[PDB]
Structure formats: C-alpha cells, structure tokens
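Down below is the structure, laid out as structure tokens.
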Protein chains: 2
Amino acid sequence: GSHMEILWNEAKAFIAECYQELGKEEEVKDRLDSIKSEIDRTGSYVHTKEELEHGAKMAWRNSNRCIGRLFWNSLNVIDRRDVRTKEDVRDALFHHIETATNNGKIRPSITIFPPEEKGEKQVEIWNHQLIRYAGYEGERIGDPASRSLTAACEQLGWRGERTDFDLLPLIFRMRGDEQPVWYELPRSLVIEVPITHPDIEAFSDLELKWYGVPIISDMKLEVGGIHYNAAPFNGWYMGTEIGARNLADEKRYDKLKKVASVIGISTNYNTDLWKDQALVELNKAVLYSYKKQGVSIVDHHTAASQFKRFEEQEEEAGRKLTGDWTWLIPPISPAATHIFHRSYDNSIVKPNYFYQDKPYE
Amino acid sequence: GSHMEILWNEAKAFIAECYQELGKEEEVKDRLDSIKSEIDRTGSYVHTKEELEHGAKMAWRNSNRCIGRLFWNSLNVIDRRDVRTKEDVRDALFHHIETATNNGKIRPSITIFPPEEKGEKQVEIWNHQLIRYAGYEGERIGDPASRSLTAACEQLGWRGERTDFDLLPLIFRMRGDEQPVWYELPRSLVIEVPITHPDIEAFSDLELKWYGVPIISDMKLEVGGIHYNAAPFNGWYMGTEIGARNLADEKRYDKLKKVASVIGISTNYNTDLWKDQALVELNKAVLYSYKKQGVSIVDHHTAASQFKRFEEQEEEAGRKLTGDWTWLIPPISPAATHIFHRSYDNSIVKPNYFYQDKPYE
Ligand code: HEM
Ligand code: HEM
Ligand SMILES: Nc1nc2c(c(=O)[nH]1)N[C@@H](CNc1ccc(C(=O)N[C@@H](CCC(=O)O)C(=O)O)cc1)CN2
Ligand SMILES: Nc1nc2c(c(=O)[nH]1)N[C@@H](CNc1ccc(C(=O)N[C@@H](CCC(=O)O)C(=O)O)cc1)CN2
Ligand SMILES: NC(=[NH2+])NCCC[C@H](N)C(=O)O
Ligand SMILES: NC(=[NH2+])NCCC[C@H](N)C(=O)O
C-alpha cells in the first residue's frame with residue numbers, strides 16, 4: 001500500500017540526484033521506467049553497481065556526525081549482494097576486516113549485503129562493531145559498553161577468557177533462522193596496538209591496548225527507498241575516540257586516575273587539572289603508538305582542518321552542508337578547532353546511515 | 001493595545017509563581033488587583049523589593065547557558081531604581097564593582113536600574129562587561145572582541161594608551177540625551193591578576209593578566225512583563241573562560257603558540273598535541289594565580305560537580321530543568337564532566353536574561 005508509494009518517491013529523488021552528479025542526466029528517464037515496472041512486478045528494485053557505490057558515498061557525505069567526510073569519494077565499496085549462506089557472510093566479514101586493515105594502511109570501506117525485501121531482513125548483524133571487546137560484571141572486567149551483546153553471545157554458547165580485552169565473536173542471523181550464529185575472530189586478522197608514550201617509559205605498566213580498525217556493523221544504509229540493514233563500514237580512528245573516550249570515560253575503561261599515577265602527578269585536587277593533563281598524555285600516547293606500528297590514525301586538529309576543506313568543497317560544489325555540532329567537536333580542546341566557533345544545520349538528508357533497534361535488548 | 005495585554009499576562013504568571021515559592025499564596029489575589037489598576041492608570045507597574053529580588057534570582061535559575069546556577073538563591077540584589085542622573089548611575093556602577101569584588105571574596109550581585117516604561121529606556125549601558133579591555137587594529141593590539149565598542153568610546157572623546165590591557169571606560173546613555181557619556185574606571189577599584197605558573201618560572205615572561213570580576217552589563221532582565229534593560233550582574237570566573245577562551249581563541253588574545261614556547265614544547269606537529277598541553281598549563285596557571293591573590297575562581301570539574309547538585313535540587317523541588325548543552329560543557333576536557341554525557345531541554349522559561357541589540361553596531 002503506502003510502502004510501495006514511499007519506495008517509488010525516494011527512488012525518483014535518488015536516481016535524479018545520483019545521475020546528475022555522475023554526468024548521466026539523460027539516462028534518468030529510461031532507468032526510472034524500468035524501476036516502476038520492477039516495483040509493480042516484485043515489490044522492490046535492484047541497484048546497479050554504479051548506483052549503490054555512489055549511494056554509499058553520498059550517504060557518508062550526508063553523515064552529520066562524521067568529521068572525516070573529506071574523503072567521501074574515496075570509499076571502497078564491496079558488493080556482497082550475492083551472499084546466501086552463513087559461511088558466505090562470515091567470509092565476507094573476514095574479507096572486510098582484511099582488506100580494510102590493509103596491513104595498517106587503512107582503506108575506508110563498506111560491504112553491501114542483501115537489503116530488506118518486504119520489511120524482513122536477509123542478513124542481520126548483531127555486532128556494534130566487527131572488532132570489539134567483551135564486557136562483564138563482583139567488579140568490572142572489559143568494556144562496559146559491550147555487556148548486553150556479550151550476554152547475548154554467551155547465551156548462544158560462546159565463552160570469553162574474562163580478560164579486559166576479549167575479542168567478541170562475529171554474531172549474525174540469517175533469514176529463516178530463529179536465532180543467530182557465531183564465529184570466533186582469527187587473531188591473525190585482528191591488528192591490535194599496545195599503548196606506549198614517547199617520553200614516559202612507565203606508561204607500558206598500564207598494559208593498555210586497542211584494536212586498529214573501527215568497523216560499525218549495526219547501522220542501516222538507506223539508498224533510494226532500499227533499506228540495507230546490513231552494510232558494515234569503516235574509516236580510520238581519530239585519536240580522541242580511544243584516548244578521550246574508550247579509555248577515559250567513567251562508564252568505559254575509566255583509566256584517567258591510573259594514567260595520572262604513572263605520569264607522576266597527584267590526583268588530590270581538581271584545581272591541579274590532573275584529569276586534563278592525564279587526557280593530554282594518554283592522547284599523545286595513542287597517536288604515537290598507532291604511528292609507530294604503522295596503523296593509520298588522525299589527531300583532532302588535523303581532522304578538523306580536513307573537515308574545514310570539506311565545508312569549502314561542498315559550497316564550491318553547490319551543496320548545502322549538514323552537521324551535528326555536538327558530535328563534530330572533539331572531546332578534548334574543542335575550542336582550538338574551527339568547528340566549535342561555527343554553527344551547522346542538523347537536517348537529515350537521504351541517502352544516509354541510520355540507527356536501528358538492537359535485537360539483543 | 002497588545003503591549004498592555006502581554007504585560008498583564010506575564011504579570012499574572014509571575015506573581016502566582018513568585019508568591020508560591022515564597023509561601024505567600026493567599027496574597028496573590030489582592031496584589032493582582034492592585035497591578036491591574038496600576039496598568040490601566042500608568043501603563044506599567046512597579047515591583048516590590050521582595051518581588052524583583054526573587055525575580056532576579058529566578059532569572060539566574062532559568063539561565064540555560066549558566067553552569068554556576070547552584071548558587072541562585074544567594075544572589076545579592078542591589079535596588080537602584082531611584083537613579084535619576086548620570087552621576088547616580090556612575091556611583092551605582094562604581095559601587096557594584098566594589099561590593100561585588102569584596103577584596104577578592106567575590107559576591108554574586110546584580111544592580112537593578114529603572115526599567116523601560118513605554119518601550120523607551122531610562123538608562124542604557126553600552127559596555128558588554130563593566131570591566132573589559134579595549135581592542136584596536138598594521139597589527140592587532142588588545143582584545144579583538146572589544147573593537148566596535150572601543151571605536152564608539154573613541155568617537156566620544158576617550159583615548160586609550162594602546163597597550164594589550166587598556167581598561168574601557170563606563171559608557172551609558174540617559175533618557176533625554178541623544179548620545180552617551182563616559183567615565184574612566186579608577187585603578188583602585190579594578191582588581192587584576194598577573195598570570196604565573198606553579199612549577200614553570202618562565203611563564204611570567206608572557207606578561208599575561210586578567211581582571212577579577214566578570215560583570216555582564218548588556219543583557220535585559222525580564223521579570224513579569226517588566227523589561228529591565230539595565231541590570232548588570234556578576235558571578236565569579238570559571239577558569240576556562242580565561243585560559244581556554246579569552247587568552248586562547250584565535251580571534252581573542254591567541255596565546256597558545258607563545259604558551260607552548262615558554263613551557264618548552266615544540267609547535268611543529270599537530271600529533272604532539274601541543275595546543276592541548278599549552279591549554280592545560282595555561283589553565284593550571286590561571287587557577288593558581290587567582291587563588292594566590294585571593295580572588296574567587298572555580299575550575300571546570302568542581303563547577304560541573306556543583307551543577308550536578310543543582311540538577312538534583314531542582315528535581316527535588318519539583319521544577320523542570322532547562323539547559324543549553326553547547327554552553328554548559330567546558331571548552332577543555334568536556335567528556336570528563338557529567339554534562340557531556342546527558343541531555344538538557346533548551347526551552348526558555350521566564351523570568352530570564354536576554355540579549356539585546358547593540359547601540360554601537
Ligand atoms: C576516513 C576516516 C574517518 C574518520 C577520521 C571518521 C571519524 C568519525 C568520528 C570522530 C565520529 C564520531 C564517533 C563517536 O564519537 O562515536 C564519526 C562518526 C560517524 N561516521 Fe565517520 N569517520 C571516518 C569514516 C567514516 C566512513 C568510512 C563512514 C561511512 C561510510 C563514516 C560514517 C559515520 C557515521 C554514520 C557516524 C555516526 C556514528 C554514530 O552515530 O554512532 N565515517 N566518524
Ligand atoms: C556564581 C558564579 C557563576 C559562575 C561559576 C558562572 C559561570 C558561567 C559560565 C562558565 C558561563 C559561560 C560564559 C561564556 O562562555 O561566555 C555563564 C553564562 C551565563 N551566566 Fe553564569 N556564572 C555565575 C554566575 C552568574 C550570575 C550571578 C548570573 C545572573 C544573575 C549568571 C547568568 C548567566 C547568563 C545569563 C549566562 C549567559 C551569558 C551569555 O549568553 O553570554 N551567571 N556563567
Ligand atoms: N561556554 C561557552 N560555550 C560556547 C560558546 C561560549 O561562548 N561559551 N560559544 C559557542 C560558539 N557559538 C555557537 C553558538 C551556537 C551553536 C549551535 O547552536 N550549534 C549547533 C547545534 C547543533 C545541533 O543541534 O546538532 C549547530 O551546529 O547549529 C554553535 C556555536 C559554543 N559554545
Ligand atoms: N564525537 C562524539 N560526541 C558526542 C558523543 C559521542 O559519542 N561522540 N556522545 C554524546 C553524548 N550524548 C548526547 C547526545 C545528544 C545530546 C544533545 O542533543 N544535547 C543537547 C542539545 C542542546 C541544545 O540544543 O541546546 C541537549 O541538551 O539536549 C547530548 C548528549 C555527546 N557528544
Ligand atoms: N573513526 C571512525 N570511523 N569511528 C567510528 C566510531 C568508533 C567509536 N567511536 C570507537 O571509539 O570505537
Ligand atoms: N562566570 C561568569 N559569570 N561569566 C560570565 C561571562 C564572562 C566571559 N565569558 C568572560 O570570559 O569574560
């Protein structure tokens with residue numbers, strides 16, 4: 001009924017905009033007629049290799065919360081709409097990790113899995129990120145942010161060693177199955193970086209480490225009415241995501257007091273700004289460590305400078321800029337970046353990546 | 001017409017809410033009848049000493065952009081609705097600086113001047129803050145943020161020494177005068193704090209200083225339909241306002257590179273996070289210097305902790321909390337405070353302080 005109507009309206013808007021940017025404005029008429037016939041025949045339509053490649057790229061370009069958008073057009077799109085089995089999905093996820101890692105020289109990539117047909121999913125990825133650490137709760141072990149997913153993996157037969165850095169398994173559900181399946185990640189495929197400091201030798205005593213590639217696997221890619229619920233993507237890390245959030249937040253690894261102790265400063269007074277000094281050294285340490293191991297990473301000052309060039313290029317291309325200031329500003333020294341000193345329109349423009357309900361909560 | 005209607009509607013809402021908090025719910029009926037008779041007779045109404053005192057307090061409590069709201073009920077309200085001459089306004093502004101400074105032990109205060117009667121102002125303060133530094137532009141001298149006001153003061157006969165820290169004069173306009181008048185601030189009345197560091201001796205070479213009390217003098221206080229366009233207020237500084245903004249912003253004093261040089265670190269690479277380290281030391285220096293001189297100041301961690309207790313007390317009192325996250329989060333280490341990790345409703349609740357158009361721009 002109204003589902004076939006919304007699908008056709010978003011398809012008309014996408015094909016026109018997509019082909020206008022690709023320099024194929026005259027091919028819009030014939031393509032839109034074939035799509036109308038396909039929606040009436042099947043109830044959906046299949047994108048061409050050029051369409052979803054540019055659709056995933058436009059989706060990144062429209063991602064309000066992303067500071068790394070300057071590199072939108074260099075996205076490596078892997079088409080895996082041919083997957084049928086759980087082994088095919090596993091192989092595709094393993095391949096994504098390998099090719100995106102690229103021995104440290106991270107390539108921004110996205111793997112496109114089959115979309116939803118009649119509202120129901122073909123492949124459903126439960127992982128927040130393909131590579132992530134487990135969390136347990138006596139006292140707190142691991143990543144608190146992963147507690148509910150870890151509990152879901154354990155209810156399926158998986159069991160972790162209970163260290164602070166247990167790699168979660170790949171957990172996904174195929175159409176036809178009531179429950180998901182899990183696969184342990186091969187250690188050779190996952191690059192991890194131990195955290196050391198350039199000047200302070202004692203920093204290694206903290207025994208901190210983090211994985212190299214952030215691969216968000218639970219967001220829905222929407223391209224012209226077509227819902228790609230399973231479409232894992234990755235860029236490289238901005239240092240602050242690890243040193244100012246993952247390892248610093250009270251509800252995460254909460255390492256600021258321990259960092260303050262190894263760098264030789266007191267945790268006695270708020271006025272001494274020990275949390276600030278600890279944040280600076282931990283963040284300097286993360287950038288140094290990744291660089292030493294040859295794993296791509298960017299600092300917040302360089303990332304903001306790259307983002308300014310994105311703002312300039314969008315105005316030069318004639319497109320409106322959309323952004324979410326609350327997410328674009330870095331968690332440390334935001335006022336030292338141009339982002340803090342300007343405003344952004346938080347309007348949602350399609351194609352884009354959206355949040356979807358967690359099947360384990 | 002509609003002006004007498006809006007005035008009566010806001011008066012009804014204020015008196016009911018004001019007396020409900022003061023425990024005088026039965027006195028609402030008789031007071032509202034006297035106010036109706038006054039609006040029909042004069043076209044406005046005069047607040048009692050208890051009314052505007054609590055009105056200014058509620059206005060601070062409703063200030064979305066303020067982190068120091070825990071101390072709302074301790075506000076020192078000075079009633080200067082009796083001022084008639086330029087000398088009376090000058091004496092009142094001089095007195096506000098003196099009593100608010102209180103030899104360093106800063107008292108949060110507000111001076112209430114006569115409100116607008118028929119849309120026209122009785123006293124119009126041009127200063128953004130009662131104590132502020134001049135700005136000129138060859139090269140840049142002083143505070144760039146004060147350029148337009150400094151130009152306005154110079155067009156009136158004032159002339160500064162052209163140092164980086166010239167105190168702007170008090171500049172205000174009386175009803176009946178086409179142009180404003182100016183008065184130079186006596187040096188004895190203005191407390192200034194030289195910036196030194198606790199561990200780094202060379203920090204004094206930067207010759208940085210700032211004034212002790214931030215007295216915002218260009219905002220409009222609105223209490224029950226009555227517009228107090230001239231109502232200067234002050235609290236004490238949160239360290240970051242000086243060390244992370246006033247002395248750090250590129251469009252302000254822009255001292256980060258100079259700070260990095262005196263603390264012995266290189267400005268070569270973004271990855272070394274020199275801006276972050278410079279921010280930490282400059283901010284540690286500001287807190288130390290004010291404390292050494294006995295001038296009240298608060299760090300961002302303690303201020304956020306005080307603000308959390310405000311959130312708790314408002315829920316315990318039965319009032320809805322309103323806030324502007326973009327302004328409540330500190331400019332350095334925001335993720336180390338609870339503010340960053342929650343949401344706030346940015347709804348405007350009256351009584352409040354509002355921005356008004358600048359008469360010099
Ligand atoms: C090239 C390197 C990249 C960098 C430096 C970068 C950086 C960032 C940062 C700092 C955030 C905030 C993360 C957080 O606070 O949790 C973010 C969010 C986001 N990024 Fe990017 N990104 C990159 C690539 C990508 C790619 C390849 C895509 C899409 C194809 C993308 C899509 C998004 C989206 C949708 C969000 C929001 C996620 C959420 O709401 O949780 N990013 N990015
Ligand atoms: C007791 C100490 C106080 C502290 C620690 C405090 C702190 C702050 C801070 C950090 C800001 C942001 C300033 C900026 O970024 O420019 C602010 C804004 C503000 N404060 Fe407070 N404050 C205090 C007292 C007061 C008082 C006494 C009033 C009112 C009677 C008040 C009214 C406001 C308002 C209206 C704003 C917004 C100003 C604007 O929009 O430019 N504050 N305060
Ligand atoms: N303490 C304090 N904080 C501040 C400033 C300050 O002087 N003091 N100055 C500010 C600089 N000016 C603004 C004002 C408003 C907004 C703003 O509103 N921004 C978002 C809102 C985004 C969103 O809702 O997603 C936007 O992009 O439109 C941004 C910068 C920022 N924060
Ligand atoms: N990089 C990055 N930035 C972040 C988060 C992140 O994970 N990554 N996590 C965020 C924590 N969660 C939120 C999400 C939205 C809002 C938000 O919307 N806040 C304002 C908006 C205020 C206003 O408009 O004035 C509010 O108070 O309602 C606040 C915190 C904040 N910023
Ligand atoms: N740089 C990126 N693409 N980040 C995506 C989100 C990663 C998340 N913030 C993390 O710390 O794991
Ligand atoms: N703590 C306060 N009451 N601040 C009011 C604003 C002061 C302004 N931010 C300044 O740096 O001068």
Side-chain angles (χ1 to χ4, degrees), chain A residues 56-72 74-77 100 106-110 128-129 214-216 218-221 231-241 244-246 249 296-300 302-304 306-307 324-331 334 346 352-355, chain B residues 60 63-68 106 108 128-129 131-133 143 145 210-211 213-216 219 233-247 249 252 296-298 303 321-329 331 334-335 339-347:
Chain A
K57 285 178 178 186
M58 283 180 259
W60 182 1
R61 191 186 66 207
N62 294 320
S63 298
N64 288 13
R65 304 180 155 188
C66 182
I67 196 177
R69 289 184 276 165
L70 177 70
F71 314 105
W72 72 279
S74 55
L75 184 69
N76 179 40
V77 189
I106 303 170
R107 279 187 291 223
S109 313
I110 185 165
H128 167 56
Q129 282 183 41
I215 317 166
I216 300 176
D218 65 352
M219 288 181 94
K220 175 178 280 185
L221 166 60
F233 60 86
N234 77 283
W236 48 80
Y237 267 119
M238 176 164 84
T240 56
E241 298 181 80
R245 300 303 304 289
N246 299 351
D249 291 354
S296 308
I297 195 163
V298 66
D299 65 274
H300 53 293
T302 304
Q306 284 162 350
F307 187 64
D324 187 342
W325 190 95
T326 70
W327 278 66
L328 290 168
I329 59 151
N346 199 30
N352 221 314
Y353 296 95
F354 296 89
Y355 292 139
Chain B
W60 182 1
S63 298
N64 288 13
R65 304 180 155 188
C66 182
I67 196 177
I106 303 170
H128 167 56
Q129 282 183 41
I131 306 166
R132 198 70 157 165
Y133 301 130
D143 196 338
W210 205 261
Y211 51 90
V213 202
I215 317 166
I216 300 176
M219 288 181 94
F233 60 86
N234 77 283
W236 48 80
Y237 267 119
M238 176 164 84
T240 56
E241 298 181 80
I242 302 162
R245 300 303 304 289
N246 299 351
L247 296 173
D249 291 354
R252 294 298 292 289
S296 308
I297 195 163
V298 66
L321 178 75
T322 56
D324 187 342
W325 190 95
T326 70
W327 278 66
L328 290 168
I329 59 151
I339 301 172
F340 185 94
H341 300 99
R342 61 155 290 182
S343 55
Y344 299 92
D345 173 31
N346 199 30
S347 292

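Atoms within a ligand are numbered from 1 in the order they appear, just like the ligands themselves. Every chain is numbered from 1, with letters handed out A, B, ... down the list of sequences. Atom set for the values below is all heavy atoms of this structure, side chains included, hydrogens, waters and symmetry mates excluded.
- The two residues B:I131 and B:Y211 make their nearest non-hydrogen contact at O-CZ, 3.2 Å.
- The aromatic ring centroids of A:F71 and A:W60 lie 6.0 Å or more from each other.
- In summary, of the residues considered (A:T326, A:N346, A:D324), a side-chain hydrogen bond (donor to acceptor under 3.5 Å, both in side chains) with A:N64 occurs for A:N346 alone.
- Partners of A:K220 under the salt bridge (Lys or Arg N to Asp or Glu O under 4.0 Å) rule, at least two apart in sequence or in another chain, are A:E116.
- Closest heavy-atom contact between B:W210 and B:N246: CZ2-ND2, 3.2 Å.
- Residue-and-atom listing of protein N/O/S atoms under 2.8 Å from atom 21 (Fe) of ligand 1, sorted by chain and number: A:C66 SG.
- In A:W236, the parts holding a heavy atom less than 4.0 Å from any atom of ligand 1 are both the side chain and the backbone.
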Write 'none' if nothing qualifies; otherwise put on separate lines each N/O atom of ligand 6 with a protein N/O atom under 3.5 Å away and their distance to 0.1 Å.
{"residue": "ligand 6", "atom": "1 (N)", "partner": "B:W236", "partner atom": "O", "Å": "2.7"}
{"residue": "ligand 6", "atom": "1 (N)", "partner": "B:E241", "partner atom": "OE2", "Å": "2.8"}
{"residue": "ligand 6", "atom": "4 (N)", "partner": "B:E241", "partner atom": "OE1", "Å": "2.8"}
{"residue": "ligand 6", "atom": "9 (N)", "partner": "B:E241", "partner atom": "OE1", "Å": "2.8"}
{"residue": "ligand 6", "atom": "11 (O)", "partner": "B:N246", "partner atom": "OD1", "Å": "3.1"}
{"residue": "ligand 6", "atom": "11 (O)", "partner": "B:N246", "partner atom": "ND2", "Å": "2.7"}
{"residue": "ligand 6", "atom": "12 (O)", "partner": "B:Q129", "partner atom": "NE2", "Å": "2.9"}
{"residue": "ligand 6", "atom": "12 (O)", "partner": "B:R132", "partner atom": "NH1", "Å": "3.1"}
{"residue": "ligand 6", "atom": "12 (O)", "partner": "B:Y237", "partner atom": "OH", "Å": "2.7"}

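- Remark: ligand 1 and A:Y355 share an N or O pair separated by less than 3.5 Å (distance only, no angle test).
- Protein residues lining ligand 4, listed by chain and number: A:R245, A:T326, A:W327, B:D324, B:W325, B:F340, B:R342, B:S343, B:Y344, B:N346 [non-hydrogen atoms, distance under 4.0 Å].
- Among protein heavy atoms, atom 32 (C) of ligand 1 sits closest to A:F233 CE1, 3.4 Å.
- In terms of protein heavy atoms, atom 14 (C) of ligand 1 is closest to A:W327 CZ3, 3.7 Å.
- Using a distance-only test at 3.5 Å, with no hydrogens or angles considered, no donor-acceptor pair links the side chain of A:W72 to the main chain of A:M58.
- Ligand 1 lies out of reach of A:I110, whose nearest heavy atom is not under 4.0 Å from it.
- Of the protein's non-hydrogen atoms, the one nearest atom 30 (C) of ligand 1 is A:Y353 OH, 3.4 Å.
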